[PDB]
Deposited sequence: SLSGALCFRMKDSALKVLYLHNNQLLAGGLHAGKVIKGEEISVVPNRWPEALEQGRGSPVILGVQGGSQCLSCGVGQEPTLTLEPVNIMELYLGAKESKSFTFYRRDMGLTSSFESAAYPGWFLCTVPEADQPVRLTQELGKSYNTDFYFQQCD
């Protein structure tokens, strides 16, 4: 079972050039796998429910990388390997906070950094520490 996502400005999340973009208003959206980290106790759960985000049937997953500064990339690892503990998952883990209508996603590997979109159409989804400003950190789900 998968989800489709939009930012709170209703821009659809979809794939182009192996990047998640937000736009498609000029489109159902990429079917996103949202999978609970199966070892939750080892994480910071007051921040939200830890999940791994996948695309294309969970055959690629979103990572914040392992550098000093996070950056958002789709990596060719199946969510199964990340879920089964056959690959380290923390850079792939986000804390999902549910506000009712929308959810936000905070990097577990890089605290304070949130999944976000920019106002301009059809740009990459990225990460930000800045809340309440121009970057949109709130997302809608639609079930598939």
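If you line the structure up with the deposited chain, the stretches without a C-alpha atom are 1-5, 32-35, 154.
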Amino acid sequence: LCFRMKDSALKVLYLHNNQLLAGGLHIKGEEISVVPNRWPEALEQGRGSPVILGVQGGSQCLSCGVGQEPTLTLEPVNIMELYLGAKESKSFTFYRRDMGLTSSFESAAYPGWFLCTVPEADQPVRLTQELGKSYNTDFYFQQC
From here on, numbers count along this sequence of modelled residues.
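When the C-alpha B-factors of 97-105 and 36-44 are averaged, 36-44 comes out higher.
Remark: stretch with higher mean C-alpha B factor among 86-94 and 73-81 is 86-94.
Each of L10, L13, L131, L127 has a CA temperature factor in the record; the biggest one is found at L131. Ranked by Cα temperature factor within the chain, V66 sits in the highest third according to the deposited record. Per-chain ranking of the deposited C-alpha B factor places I52 in the lowest third.
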